[PDB]
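S.K.: My questions will all concern the structure given below.
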Amino acid sequence: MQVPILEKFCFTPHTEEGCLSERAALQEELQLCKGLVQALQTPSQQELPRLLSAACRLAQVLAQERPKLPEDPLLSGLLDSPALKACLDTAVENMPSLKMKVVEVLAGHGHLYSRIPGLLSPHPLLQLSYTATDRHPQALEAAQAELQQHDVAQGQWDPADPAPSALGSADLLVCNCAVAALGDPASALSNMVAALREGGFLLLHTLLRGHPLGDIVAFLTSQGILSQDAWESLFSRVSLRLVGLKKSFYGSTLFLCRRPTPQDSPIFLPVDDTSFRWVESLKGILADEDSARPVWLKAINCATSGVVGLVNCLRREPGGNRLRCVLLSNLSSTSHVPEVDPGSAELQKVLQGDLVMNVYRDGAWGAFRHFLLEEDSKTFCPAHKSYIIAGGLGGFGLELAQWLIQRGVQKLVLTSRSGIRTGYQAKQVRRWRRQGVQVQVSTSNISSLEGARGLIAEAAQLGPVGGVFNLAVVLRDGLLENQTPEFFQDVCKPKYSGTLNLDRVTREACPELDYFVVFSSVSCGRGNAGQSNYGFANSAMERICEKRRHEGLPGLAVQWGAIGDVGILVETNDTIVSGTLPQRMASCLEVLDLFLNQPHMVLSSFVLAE
Ligand SMILES: NC(=O)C1=CN([C@@H]2O[C@H](COP(=O)(O)OP(=O)(O)OC[C@H]3O[C@@H](n4cnc5c(N)ncnc54)[C@H](OP(=O)(O)O)[C@@H]3O)[C@@H](O)[C@H]2O)C=CC1
Ligand SMILES: O=C(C1CC1)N1CC[C@@H](Cc2n[nH]c(=O)n2-c2ccc(-c3ccc4occc4c3)cc2)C1
C-alpha cells in the first residue's frame with residue numbers, strides 16, 4: 001500500500017519570532033549553557049555544552065571540536081524546523097519556472113546539503129540543481145557519502161572572491177554561517193548577490209549578537225558574530241531586500257532576502273466583483289504577449305476570495321510569470337483593515353518584496369504554506385444524527401457514503417442536481433436501504449440559499465444534522481484566454497456559493513453540527529494549468545472553513561491530489577499526473593479518519609510517483 005504525503009496548509013507570517021519555544025530539549029540545553037558561561041565568568045552531552053565544560057576545565061580544544069559544532073541542536077535548531085521549509089517554499093513559489101539552481105556557500109561547516117535537497121525532494125515537479133561549495137576541497141571530504149545520495153554537485157568558492165562563472169545566475173544562494181566564517185561580511189555578501197540572477201533569493205542562517213546563543217558563542221571564541229541591525233544594514237548596503245525573517249527564542253535566525261529586479265509599472269486589477277467581470281479584463285491584460293508589466297490581482301473587500309488558488313493556476317499558464325496578488329483576509333471582525341491603495345506605505349513594502357503571495361491576516365503579512373503533518377484511530381459517528389453529502393452520487397461521494405455507514409451513519413441525504421443517472425448509483429442506494437440505512441436522494445441545490453435551506457430541512461426530518469460534506473463539483477477546464485465570467489460562475493456555484501450557503505444555513509439551523517467538510521484540490525493548493533476557475537472556487541471554500549474555525553464552528557478543507565478507482569479524473573490508476581499517482585480510495589479513506597481527528601483547518605494529501 002502506497003504512502004501519501006500528508007500536510008497542513010497554514011497562514012504563515014513572513015516574520016516569526018520566538019521559534020522553537022515549545023521544544024523542551026533546546027530550552028533545557030540553553031539553561032545549561034547559560035549556567036556554564038556564568039561559571040566561567042564567576043543533552044548535557046551535546047557539542048556546545050561539552051565544549052563549554054572543557055573551557056571550564058581550563059583554542060586547541062575549540063579548533064579540534066569545530067567540525068562537530070554545527071550539528072549541535074541549538075546551532076541547528078531552526079534548520080531542523082518548519083521555518084527552513086517555509087523559507088525554501090517561498091523561494092520556490094517565486095521562481096519563474098520549475099527549475100531552481102541552488103548554490104551553498106561554505107558547505108563544509110554549513111551542512112545545508114543534508115537538509116535542503118531532502119526537504120524539496122517530495123516536490124513532484126521541482127527540478128533541483130544543488131551545488132555544495134567551500135574554500136577548500138578538504139572541507140567537504142566527510143560529507144561525500146551524504147552528497148552522493150542527494151545528487152549534490154561540488155564546487156570551489158571562497159566568498160571573499162567573485163563566484164566562478166559556472167555558479168552564476170543562481171536562483172537561490174544558501175549559507176549557514178552559525179559556525180562557518182564569511183570573513184568580511186560586506187565583501188562576502190556582495191559577491192553572493194552578484195552570483196544571484198535578478199529576483200533570486202539569499203537564505204542566510206546565523207546567530208544574533210545581543211541574544212543568548214550568540215553572546216554565549218562570542219564569549220567562547222575570545223568579522224565574527226553580528227547583531228540583527230548589523231545584518232539588516234549589510235543587506236541594504238549590498239542592495240538586498242529582506243522578505244522573510246525567522247527568529248528562535250535564543251537568537252538564531254533565518255534571513256530570507258531577495259536581489260531586486262527593475263520593475264515595470266504594475267497593473268492593478270480588483271478581483272472582488274461578484275459577476276466575475278474582472279475575468280474579461282484579465283484576459284485582455286494577459287493577451288498582450290509583448291507586455292512585461294506585472295499583473296497584481298487585488299482582493300480587498302472579501303476575506304473569502306479565492307484569488308490565491310486562482311493565482312497558483314494562472315502561474316502555470318503562458319505569461320504566468322507576470323502574476324502577483326494581494327489578499328486581505330482577517331479572521332477577526334475586530335482586526336484593522338490596512339489601506340493598500342497605490343499611494344500607500346503598506347502597498348509600497350509589498351511591491352518592493354515583489355512576492356507572488358501577499359496575504360494580510362489579523363495584523364501580519366505572510367502567505368499560506370504547506371507543512372508536514374505531525375499527527376501522521378478509527379472515528380465513529382453519532383447514529384441518531386443525519387449526514388449530508390452534496391455531490392453524494394459522484395465517485396468520491398458514493399465511497400464516502402459507504403465509509404460513513406461503516407462508522408455508524410444510518411441517515412444520509414445525497415444531493416445531485418439531476419438525481420440517479422447510472423446503474424452503479426441505483427444499485428448502491430438500493431443495497432444500502434436493504435441494509436437498513438435511510439438514504440435520501442435529493443435534488444435540493446446548495447448553490448442557492450433556498451435550496452440549501454430545503455436540503456437541511458429534508459435532512460432534519462431523518463434526524464438532527466451532525467455533518468455536511470461538500471463534494472459538489474462542476475468543471476469548465478481551459479486556459480484563461482478561453483474562459484468566461486459565466487464559466488467562472490458555473491464552477492464557483494457548487495463550491496463557493498454552495499459552501500457560503502451551507503455555512504449560513506448550518507449556523508442558523510444546525511446547532512448539533514459536528515462536521516463541516518469540503519473537498520478541495522491540489523489544483524488550488526499547488527496550481528493546475530487550465531483550471532484557474534476551479535482553483536479559485538476551491539480556494540474560497542478553504543477561506544470559509546478558516547473563518548468558521550476561528551469562530552469555534554466545525555470547518556475542514558481537504559486538498560486532495562488525483563483520486564484513483566472512482567471520480568472525475570479516473571473517468572487510470574497507473575496514470576501519472578504532474579509527477580503524482582492517483583491515490584487509491586482505500587488510502588483516501590484511511591487518511592480521512594486521520595484528517596477528521598485533526599485540529600488543523602486545511603489539510604493536504606497526495607501520492608508521489610517514485
Ligand atoms: N476526482 C479527483 O481526482 C479529485 C476530486 N476532487 C474533489 O472531490 C470531490 C468529488 O469529486 P468526484 O467524485 O471525482 O466528482 P464526480 O463528478 O464523480 O461527482 C461530483 C458530483 O457533484 C454533483 N454536483 C455538481 N454540482 C452540484 C450541485 N450544485 N448540487 C448537488 N450536486 C452537484 C454532480 O452531479 P449532478 O451533475 O447530477 O449534479 C456530480 O455527480 C469534488 O469536490 C472535487 O473537487 C479533488 C481532488 C481530485
Ligand atoms: O481536482 C482534480 C480533478 C477533479 C478535477 N484533479 C485531478 C488531478 C489534479 C489536477 C491535475 N490535472 N492534471 C495534472 O497534472 N494535475 C496535477 C497538478 C498538480 C499536482 C501537484 C501535486 C502535488 C504537488 O506538490 C507540489 C507541487 C504539486 C503539484 C498534481 C496533479 C487534481
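Naming scheme: A, B, ... for chains in displayed order of the C-alpha cells; residues 1 onward per chain; ligands 1 onward as shown.
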Applying 10 Å and only C-alpha atoms, which residues near residue 100 (chain A) remain after dropping the ones on its own chain fewer than 5 positions away? List them as a PyMOL selection string.

M.R.: chain A and resi 91-92+95+126-130+170-172+200

S.K.: Within 9 Å of residue 209 (chain A), counting only C-alpha atoms, which residues show up once you throw out same-chain ones fewer than 4 positions away? Write them as a PyMOL selection string, please.

M.R.: chain A and resi 213-215+218+225-228+251

S.K.: Could you list the protein, DNA and RNA residues that have any atom within 8 Å of ligand 2, counting only C-alpha atoms and all ligand atoms, and write them as number ranges by chain?

M.R.: A: 122-126, 473, 475, 520-523, 525-529, 560-563, 567-569, 576-580, 582, 606-608

S.K.: From a DSSP pass on the backbone, collect the residues of region 256-496 of chain A flagged as helix (DSSP H, G or I) and hand them back as an MDAnalysis selection string.

M.R.: chainID A and resid 278:287 307:314 320:322 345:353 395:406 423:434 449:462 480:482 485:496

S.K.: Rounded to one decimal, what separation in Å do you get between CA of residue 88 (chain A) and CA of residue 556 (chain A)?

M.R.: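 Separation between CA of residue 88 (chain A) and CA of residue 556 (chain A): 26.4 Å.
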
S.K.: Please identify every polymer residue within 8 Å of ligand 1, using only C-alpha atoms and all ligand atoms, and present the set as number ranges by chain.

M.R.: A: 390-398, 415-421, 443-447, 470-474, 493-495, 498, 518-523, 534, 538, 559-564, 566-571, 582

S.K.: What's around region 361-363 of chain A at 6 Å? Count only C-alpha atoms, leave out sequence neighbours fewer than 6 positions away in its own chain, and write the answer as a list in words.

M.R.: residues 329, 330 and 335 of chain A

S.K.: What would the file look like if the residues just selected were written as a PDB file, in the first residue's frame with C-alpha atoms?

M.R.:
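Result saved to part06.pdb:
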```pdb
ATOM      1  CA  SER A 329      -8.240  38.128   4.896  1.00  0.00           C
ATOM      2  CA  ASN A 330      -8.926  38.925   8.542  1.00  0.00           C
ATOM      3  CA  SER A 335      -8.996  43.434  13.273  1.00  0.00           C
TER       4      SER A 335
END
```

S.K.: To one decimal in Å, tell me the separation between CA of residue 331 (chain A) and CA of residue 547 (chain A).

M.R.: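 Those two atoms sit 5.3 Å apart.
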
S.K.: Considering only C-alpha atoms, return as a list in words whatever protein or nucleic-acid residues lie within 8 Å of residue 294 (chain A), sequence-local ones (same chain, fewer than 6 positions apart) excluded.

M.R.: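 What passes the distance filter is residues 264, 265, 266, 267, 322, 323 and 324 of chain A.
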
S.K.: DSSP on the backbone: what in region 148-297 of chain A comes out strand (DSSP E), as an MDAnalysis selection string?

M.R.: chainID A and resid 153:156 170:176 196:209 226:227 241:248 252:258 267:270 295:297

S.K.: Next, dump the selected residues to file, keeping only C-alpha atoms, as a PDB file, in the first residue's frame.

M.R.:
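This is the output file again_8.pdb:
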```pdb
ATOM      1  CA  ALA A 153      27.344  18.674  -7.131  1.00  0.00           C
ATOM      2  CA  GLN A 154      30.553  20.190  -5.738  1.00  0.00           C
ATOM      3  CA  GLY A 155      32.474  23.398  -6.274  1.00  0.00           C
ATOM      4  CA  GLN A 156      35.356  25.520  -5.012  1.00  0.00           C
ATOM      5  CA  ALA A 170      21.733  31.188  -9.421  1.00  0.00           C
ATOM      6  CA  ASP A 171      18.118  31.294  -8.276  1.00  0.00           C
ATOM      7  CA  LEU A 172      18.902  30.566  -4.622  1.00  0.00           C
ATOM      8  CA  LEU A 173      22.054  31.053  -2.554  1.00  0.00           C
ATOM      9  CA  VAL A 174      22.112  29.448   0.904  1.00  0.00           C
ATOM     10  CA  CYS A 175      24.578  29.881   3.758  1.00  0.00           C
ATOM     11  CA  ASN A 176      24.651  28.575   7.314  1.00  0.00           C
ATOM     12  CA  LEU A 196      22.307  35.610  -7.988  1.00  0.00           C
ATOM     13  CA  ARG A 197      20.131  36.254 -11.018  1.00  0.00           C
ATOM     14  CA  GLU A 198      17.872  39.285 -10.628  1.00  0.00           C
ATOM     15  CA  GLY A 199      14.902  38.278  -8.461  1.00  0.00           C
ATOM     16  CA  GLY A 200      16.994  35.485  -6.925  1.00  0.00           C
ATOM     17  CA  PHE A 201      16.959  34.658  -3.222  1.00  0.00           C
ATOM     18  CA  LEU A 202      19.526  34.616  -0.439  1.00  0.00           C
ATOM     19  CA  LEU A 203      18.902  32.402   2.584  1.00  0.00           C
ATOM     20  CA  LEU A 204      21.227  33.111   5.480  1.00  0.00           C
ATOM     21  CA  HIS A 205      21.277  31.218   8.756  1.00  0.00           C
ATOM     22  CA  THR A 206      23.247  32.772  11.604  1.00  0.00           C
ATOM     23  CA  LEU A 207      23.476  33.638  15.289  1.00  0.00           C
ATOM     24  CA  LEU A 208      22.472  37.061  16.575  1.00  0.00           C
ATOM     25  CA  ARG A 209      24.712  39.067  18.849  1.00  0.00           C
ATOM     26  CA  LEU A 226      26.835  40.242  14.411  1.00  0.00           C
ATOM     27  CA  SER A 227      23.726  41.989  15.717  1.00  0.00           C
ATOM     28  CA  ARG A 241      15.656  43.276   0.240  1.00  0.00           C
ATOM     29  CA  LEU A 242      14.582  41.371   3.360  1.00  0.00           C
ATOM     30  CA  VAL A 243      11.374  39.456   2.600  1.00  0.00           C
ATOM     31  CA  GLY A 244      11.440  36.802   5.350  1.00  0.00           C
ATOM     32  CA  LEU A 245      12.606  36.579   8.969  1.00  0.00           C
ATOM     33  CA  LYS A 246      12.537  33.584  11.347  1.00  0.00           C
ATOM     34  CA  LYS A 247      13.989  34.110  14.834  1.00  0.00           C
ATOM     35  CA  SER A 248      14.341  31.424  17.505  1.00  0.00           C
ATOM     36  CA  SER A 252      19.375  32.014  15.970  1.00  0.00           C
ATOM     37  CA  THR A 253      17.923  33.476  12.796  1.00  0.00           C
ATOM     38  CA  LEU A 254      16.942  32.670   9.244  1.00  0.00           C
ATOM     39  CA  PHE A 255      17.152  35.740   6.987  1.00  0.00           C
ATOM     40  CA  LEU A 256      15.367  35.355   3.628  1.00  0.00           C
ATOM     41  CA  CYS A 257      16.482  38.071   1.202  1.00  0.00           C
ATOM     42  CA  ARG A 258      15.888  38.913  -2.428  1.00  0.00           C
ATOM     43  CA  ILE A 267      -1.191  46.641 -13.448  1.00  0.00           C
ATOM     44  CA  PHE A 268      -3.777  46.550 -10.670  1.00  0.00           C
ATOM     45  CA  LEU A 269      -6.995  44.564 -11.131  1.00  0.00           C
ATOM     46  CA  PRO A 270      -9.647  44.110  -8.422  1.00  0.00           C
ATOM     47  CA  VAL A 295      -0.195  41.837 -13.023  1.00  0.00           C
ATOM     48  CA  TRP A 296      -1.336  42.482  -9.463  1.00  0.00           C
ATOM     49  CA  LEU A 297      -4.674  40.905  -8.599  1.00  0.00           C
TER      50      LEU A 297
END
```

S.K.: In Å to one decimal, how far is CA of residue 408 (chain A) from CA of residue 423 (chain A)?

M.R.: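 Going from CA of residue 423 (chain A) over to CA of residue 408 (chain A) covers 25.5 Å.
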
S.K.: Within 12 Å of residue 347 (chain A), counting only C-alpha atoms, which residues qualify if same-chain residues fewer than 3 places away don't, as a list in words?

M.R.: residues 266, 268, 296, 298, 325, 326, 327, 328, 338, 339, 340, 341, 342, 343, 344, 350, 351, 352, 353, 354, 355, 358, 359, 360 and 365 of chain A

S.K.: Show which residues sit within 12 Å of residue 454 (chain A), as a PyMOL selection string. Count only C-alpha atoms, and ignore same-chain residues fewer than 4 positions away.

M.R.: chain A and resi 413+415+442-450+458-461+501-502+505-506+509

S.K.: Skip residue 118 (chain A) itself and residues of its chain fewer than 2 positions away, then list as a PyMOL selection string all residues within 12 Å of it, counting only C-alpha atoms.

M.R.: chain A and resi 80+84-85+88+112-116+120-123+128+130+146-147+149-152

S.K.: Could you please take those selected residues and save N, CA and C atoms as a short mmCIF file (atom, residue, chain, number, x, y, z; two decimals), in the first residue's frame?

M.R.:
```cif
data_model
loop_
_atom_site.label_atom_id
_atom_site.label_comp_id
_atom_site.auth_asym_id
_atom_site.auth_seq_id
_atom_site.Cartn_x
_atom_site.Cartn_y
_atom_site.Cartn_z
N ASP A 80 16.38 22.36 11.43
CA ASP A 80 15.56 21.15 11.57
C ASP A 80 14.16 21.51 12.07
N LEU A 84 12.66 26.52 8.14
CA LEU A 84 13.50 26.30 6.97
C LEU A 84 12.66 26.00 5.73
N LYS A 85 11.72 25.08 5.87
CA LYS A 85 10.82 24.70 4.77
C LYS A 85 10.02 25.90 4.28
N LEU A 88 12.25 28.11 2.11
CA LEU A 88 12.55 27.45 0.85
C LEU A 88 11.35 27.51 -0.10
N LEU A 112 23.94 22.46 4.97
CA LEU A 112 22.57 22.64 4.44
C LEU A 112 22.22 21.59 3.36
N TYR A 113 23.26 20.99 2.76
CA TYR A 113 23.11 19.87 1.82
C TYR A 113 22.39 18.66 2.43
N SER A 114 22.51 18.51 3.75
CA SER A 114 21.86 17.40 4.47
C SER A 114 20.42 17.71 4.87
N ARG A 115 19.88 18.82 4.37
CA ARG A 115 18.51 19.24 4.69
C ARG A 115 17.69 19.73 3.49
N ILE A 116 18.27 20.64 2.70
CA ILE A 116 17.54 21.33 1.64
C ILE A 116 17.07 20.42 0.49
N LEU A 120 13.06 19.40 -0.29
CA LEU A 120 12.45 19.72 -1.58
C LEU A 120 12.19 18.48 -2.45
N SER A 121 12.73 17.34 -2.03
CA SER A 121 12.64 16.10 -2.82
C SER A 121 11.22 15.57 -3.02
N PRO A 122 10.32 15.73 -2.02
CA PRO A 122 8.92 15.29 -2.16
C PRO A 122 8.10 16.12 -3.13
N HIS A 123 8.67 17.23 -3.58
CA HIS A 123 8.05 18.06 -4.61
C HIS A 123 8.08 17.26 -5.92
N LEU A 128 15.63 20.35 -9.16
CA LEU A 128 16.64 20.93 -8.27
C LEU A 128 18.07 20.72 -8.75
N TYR A 130 21.63 21.47 -7.19
CA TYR A 130 22.27 21.88 -5.93
C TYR A 130 23.79 21.66 -5.94
N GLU A 146 26.97 11.65 1.97
CA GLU A 146 25.73 12.41 2.03
C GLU A 146 25.46 13.14 0.72
N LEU A 147 26.51 13.73 0.15
CA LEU A 147 26.41 14.50 -1.10
C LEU A 147 26.01 13.59 -2.26
N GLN A 149 24.34 10.66 -2.20
CA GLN A 149 22.95 10.23 -2.07
C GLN A 149 21.97 11.27 -2.62
N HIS A 150 22.23 12.54 -2.33
CA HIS A 150 21.31 13.63 -2.68
C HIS A 150 21.58 14.26 -4.05
N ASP A 151 22.53 13.69 -4.79
CA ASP A 151 22.89 14.17 -6.13
C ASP A 151 23.44 15.60 -6.10
N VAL A 152 24.09 15.95 -5.00
CA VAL A 152 24.66 17.29 -4.81
C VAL A 152 25.99 17.41 -5.54
#
```

S.K.: Calculated over only C-alpha atoms, which of the candidates A:356, A:302, A:145, A:367 has the smallest distance to residue 86 (chain A)?

M.R.: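 Nearest to residue 86 (chain A): A:367.
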
S.K.: Compile a residue-level contact table for region 73-153 of chain A against region 182-188 of chain A at a cut-off of 12 Å, reporting for every qualifying residue the shortest atom pair and its distance in Å to one decimal, with only C-alpha atoms counted, rows ordered by chain and ascending number, as JSON lines.

M.R.:
```
{"residue": "A:105", "atom": "CA", "partner": "A:182", "partner_atom": "CA", "distance": 8.9}
{"residue": "A:106", "atom": "CA", "partner": "A:182", "partner_atom": "CA", "distance": 7.8}
{"residue": "A:107", "atom": "CA", "partner": "A:182", "partner_atom": "CA", "distance": 11.4}
{"residue": "A:109", "atom": "CA", "partner": "A:182", "partner_atom": "CA", "distance": 11.2}
{"residue": "A:110", "atom": "CA", "partner": "A:182", "partner_atom": "CA", "distance": 11.0}
{"residue": "A:134", "atom": "CA", "partner": "A:182", "partner_atom": "CA", "distance": 10.6}
{"residue": "A:135", "atom": "CA", "partner": "A:182", "partner_atom": "CA", "distance": 10.3}
```
